[PDB]
Amino acid sequence: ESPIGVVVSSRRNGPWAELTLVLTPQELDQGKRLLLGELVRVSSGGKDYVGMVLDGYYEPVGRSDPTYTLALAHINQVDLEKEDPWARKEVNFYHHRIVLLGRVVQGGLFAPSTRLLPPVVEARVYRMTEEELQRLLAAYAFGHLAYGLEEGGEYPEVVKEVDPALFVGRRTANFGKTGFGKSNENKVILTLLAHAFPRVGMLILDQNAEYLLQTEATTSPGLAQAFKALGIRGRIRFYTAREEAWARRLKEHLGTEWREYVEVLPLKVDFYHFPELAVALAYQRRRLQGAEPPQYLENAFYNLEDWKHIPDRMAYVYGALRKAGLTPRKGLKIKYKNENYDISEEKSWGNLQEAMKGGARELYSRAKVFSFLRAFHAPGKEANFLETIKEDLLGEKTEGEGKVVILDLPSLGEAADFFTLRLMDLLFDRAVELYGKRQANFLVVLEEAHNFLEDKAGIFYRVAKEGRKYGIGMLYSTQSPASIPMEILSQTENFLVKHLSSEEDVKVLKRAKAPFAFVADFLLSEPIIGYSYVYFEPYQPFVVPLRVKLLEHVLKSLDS
Amino acid sequence: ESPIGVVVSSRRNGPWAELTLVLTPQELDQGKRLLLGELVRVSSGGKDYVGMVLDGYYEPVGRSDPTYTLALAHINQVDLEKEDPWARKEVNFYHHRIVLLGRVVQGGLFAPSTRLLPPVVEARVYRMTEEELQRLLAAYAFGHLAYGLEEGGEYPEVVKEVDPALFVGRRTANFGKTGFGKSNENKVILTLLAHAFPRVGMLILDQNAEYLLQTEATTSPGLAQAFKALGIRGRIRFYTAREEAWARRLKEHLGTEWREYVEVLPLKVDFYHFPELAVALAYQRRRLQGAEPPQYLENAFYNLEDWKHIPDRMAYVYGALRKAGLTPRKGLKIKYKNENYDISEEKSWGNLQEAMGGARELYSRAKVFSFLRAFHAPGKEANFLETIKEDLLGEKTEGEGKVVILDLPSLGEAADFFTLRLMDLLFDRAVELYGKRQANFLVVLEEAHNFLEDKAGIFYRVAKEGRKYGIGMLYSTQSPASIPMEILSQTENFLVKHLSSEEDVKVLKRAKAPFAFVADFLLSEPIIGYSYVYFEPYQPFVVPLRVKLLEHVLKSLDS
DNA sequence: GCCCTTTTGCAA
DNA sequence: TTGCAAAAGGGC
Ligand SMILES: Nc1ncnc2c1ncn2[C@@H]1O[C@H](COP(=O)(O)OP(=O)(O)NP(=O)(O)O)[C@@H](O)[C@H]1O
Ligand SMILES: Nc1ncnc2c1ncn2[C@@H]1O[C@H](COP(=O)(O)OP(=O)(O)NP(=O)(O)O)[C@@H](O)[C@H]1O
């Protein structure tokens, strides 16, 4: 209820205003202290500012020689707190430096910095109450305010809550050394969003096989286990090429009713049912590559729909698929001229090949251009998982349904990169096509993003630049700010930063966002696991230190 | 049990907290001193911190003129000690700077640094005892605490112990200039791990041919000799292309029963027995060098399994292998059309070649297989890539623990491709096995600057993603500046010997902040076997150790 | 990493 | 017989 110290000086140091505070022997003897990085209230001219404690140093006050006095007391062996109160009362001062960050105005908005420097005689500094801190953070907890690991510097009641307005339609970056909590942070945010706001969809690109089932003691549990614990049914769609191994695994950990929580789907299709899909994939593979699809590929890409009415034209497409190595289902009848062959049988295949046009004959001749499709082909599938995912995420059925689509990238081997690029392109094109009718309203979860946001001409770069218009959020983790382009870093809205050991990383971070210049020293020298610095635009344009929650504790606590 | 001096000031300097200590005439007369780099205890507000002595200088205390006083005493032949005790009490002061490293939490983890700056009247500084130091380092000795070469800074009873939790799933950097003990440190750590925790596997990429046998006086013995000394049997798998020479050396230097300790396997295979492996290697080469595989290679890669059931396609595959220069075993027969040939004979080889599609294009582009000559040997019939994969990640090999050593020089110029292929295969298998068994093995590589850069980033991926699967890295480079910051910023354990260059210490400090406190010691103290160690997050501060010789470790352990 | 150079088929 | 395409290796 009273000022902590006395303000004795103030100035403008660069783009910020700073002031000097002095703590007296009485206040120090009452146990009053100020922690570095602590948030305080500054009253000046009838206006309230938020301030941060930056520095602290000892300096003599008045006419005194603290060194001589203390050395003499030590030499003569006098207990300074019991024999010489007046000697103890002339050296027990302490100095602090406080920077003004801005002030809260009108409807919770933040006015940054200031043009008015406060005179010393009329400036006061106050300890901030939990109600004030709660208002500061607010205008399903994910973390709570903390200062380092000091006792008394923890505020379990001051929390930052998850809210779809914070994440959907906006870009979030998750940085930190390996082993410090990026994946746990992501999973806690996603579980809270799924539990509290069930109309938000997620597209998780799982490259390490950890976001569905995770039983080893090296990470937090998976989303399937979290959803089973919280009683969330029928919201996970898992795509994989190991649909039998994963089905076996799910039954040991989710029990006999695992199908109520997870739906396993294959990443394989029958290309004798989707020749247009085969041709489109072969055509797009080269655009995603350097450049210049061939003329015989553009011709097919544009005219295969026309060809479908001509059995002679379609016979050459099926022959190209069969010659590239794709296995047909037993009893597949191909009609040529005035005869029907069974390509599944070697004798009929040879007969038709010997017995065998708008550009389809060139496609048949250059059949080895389809061999890569054999990484996706499986006879008897007839699914088109690309379209299946498209209506999972952007289907008109939703208008708010909630769909967590998890892609098991490793199972695809060396086709995963091409598959990811193609799927992202399709989803973004559909989202653009639906503009003005419905919003996408889903979040792309992207780990090790430095492999996706490198080239400016990439679909992921384009999504990061233009997803806010169409309602697509992005949440990307990289372990190192220096791995991300500065153009993306500067345009990112939300930041969640754990410990970074390198000076270059913190320099890049503060070069991207100025307010991050006040925590670089803490980041460099405090390796604490699960301790985050969070920054949100435009309502919390300043860094706040949060202690993040374990997913196990969150699950055990949300049952109440 | 009493404070050393008096604290006269404190402040925040950069990311750390410092305080100033003054030593008085009585304490200086009693002989009490503080060594630079010594660890002390700081008591403040009922809490104990660990501090390090960083600086020391002489400064006048009070209103005095030490220069004039001392000069006058020297001029007037005045012996201060015996004649003027009062003039000697006003000049005999000394100053020290102490940095607060952090706070030890009993029943908990060390808390680094501090946000609370101590007032100068409430801080005390104490000397740390042997029990306190032992407790600090505890949270099979590998080294013992030592401060320089000064007498009284030697603590043989305060030791740092090898623990699998410090090394498995983590990265350890070993730096130092030539001849200062990096290889000895590596061998001591590996021998202690093998002896005490036999459930950890190792993959050593021996680029210098020193980790199996070492009989010269220019380095310490090898792992085979250490294991023979300690009685460890049936744990070393040695792969080489010089099997006969290495068997002769092993017999000569380990006796007749050397086969109970080392099992020697070749790095050669018969490609007429593994045509699918030949095609896979040819296909993976392009990706490993950053390019995109051609259509005729993707066709074979995806379709050779089907082709194996068609003798007409298999004839072209074998013809391509024979055209590339791969020697078949004596008496091999082909079955082109409904006829049989003997490609091992130069007559029927030409007969088939003149008597002669996906396989036809492979036969026409046969020169794509010539590099396989580096690994081909007729009549071998054992896939060494699969054998190594089973050794490191087997269903039953889990537990026992296996030490695989790769004799890289014997492969000549194919070693780079072999190493990249093996690492990619092992990482893919480890990722696929996530949830059923943990990899739990340590990749050991010397001259790491030659490995930690390549197209497709295989070693970058291993370093940045191996923690989840329990894949540890132990890489020695001899110069920090030669390691990318992308990999330096993900390292947890550091072991640094003397570095002469200024840029080396600057890079090390930029990579890990606390190493700013020992850079000046490193720059000016060339001591062999003196290592500064740092372990996150159990010991997040630099501790100076004297490391043991493997020769002495073996004698100590034999009992 | 990117810009020549070659064998091979389809045409007219 | 030559122009034109298309895939692939080699030189820079
Ligand atoms: N908030 C937290 N509180 C306590 N322990 C935590 C917290 N977050 C993470 N951990 C611990 O850190 C371990 C690894 O967490 P993890 O989420 O995998 O970090 P990470 O940043 O993803 N490492 P990586 O993905 O390899 O770069 C967990 O198994 C926990 O033991
Ligand atoms: N801890 C130690 N105590 C005493 N002598 C040691 C110690 N470590 C190394 N030496 C001596 O130094 C020599 C060289 O050791 P070594 O381990 O090969 O250093 P190095 O770092 O590997 N030099 P290099 O690998 O050639 O760049 C040994 O043969 C010993 O004579």
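Lettering follows sequence order; numbering is per chain, from 1. What you see below is based on every heavy atom in this structure, not just the backbone, and it leaves out hydrogens, waters and symmetry mates.
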Asker: Just checking B/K380: does its NZ atom have more than 12 heavy atoms from other residues, nucleotides or ligands closer to it than 6.0 angstrom?
Answerer: no
Asker: As a test of reading the structure: which of D/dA7, C/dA11, D/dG9 is closest to the side chain of B/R286, going by heavy atoms?
Answerer: D/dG9
Asker: Looking only at the side chain of A/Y296 (C-beta and beyond, no hydrogens), which of the listed nucleotides D/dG9, C/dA11, D/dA7 gets closest?
Answerer: D/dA7
Asker: If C1'-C2'-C3'-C4' is positive it's north, if negative it's south, so which is the sugar of D/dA6?
Answerer: south
Asker: Measure CZ/B/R360 against P/C/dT7 and give the value in whole Å, please.
Answerer: 18 Å
Asker: I'd like to know if the side chain of B/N303 reaches the main chain of B/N299, judged simply by a donor and an acceptor atom lying under 3.5 Å from each other, with no hydrogens or angles considered.
Answerer: yes
Asker: Using whole Å, report how far CZ of B/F369 lies from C1' of D/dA8.
Answerer: 15 Å
Asker: Assess the side chains of B/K464 and B/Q490: does a donor N or O sit below 3.5 Å from an acceptor N or O?
Answerer: no
Asker: In whole Å, I'd like the distance from the OH atom of A/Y316 to the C1' atom of C/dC10.
Answerer: 14 Å
Asker: Let me know the distance between CD of A/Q295 and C1' of C/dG9, rounded to the nearest Å.
Answerer: 15 Å
Asker: Quick check on DNA chain C: between B/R365 and B/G290, whose nearest nucleotide comes earlier from the 5' end?
Answerer: B/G290
Asker: Determine the sole option in B/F451, B/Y475, B/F427 for which the ring-ring contact (aromatic ring centres under 6.0 Å, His included) test with B/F459 is passed.
Answerer: B/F451
Asker: Which part of the nucleic acid, if any, lies within contact of B/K367, taking any heavy atom under 4.0 Å across all strands shown: a base, the sugar-phosphate backbone alone, or nothing?
Answerer: sugar-phosphate
Asker: Could you give the OH-to-P distance, from B/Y363 to C/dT8, as a whole number of Å?
Answerer: 14 Å
Asker: Please report the distance, rounded to the nearest Å, between CD in A/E362 and P in D/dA6.
Answerer: 6 Å
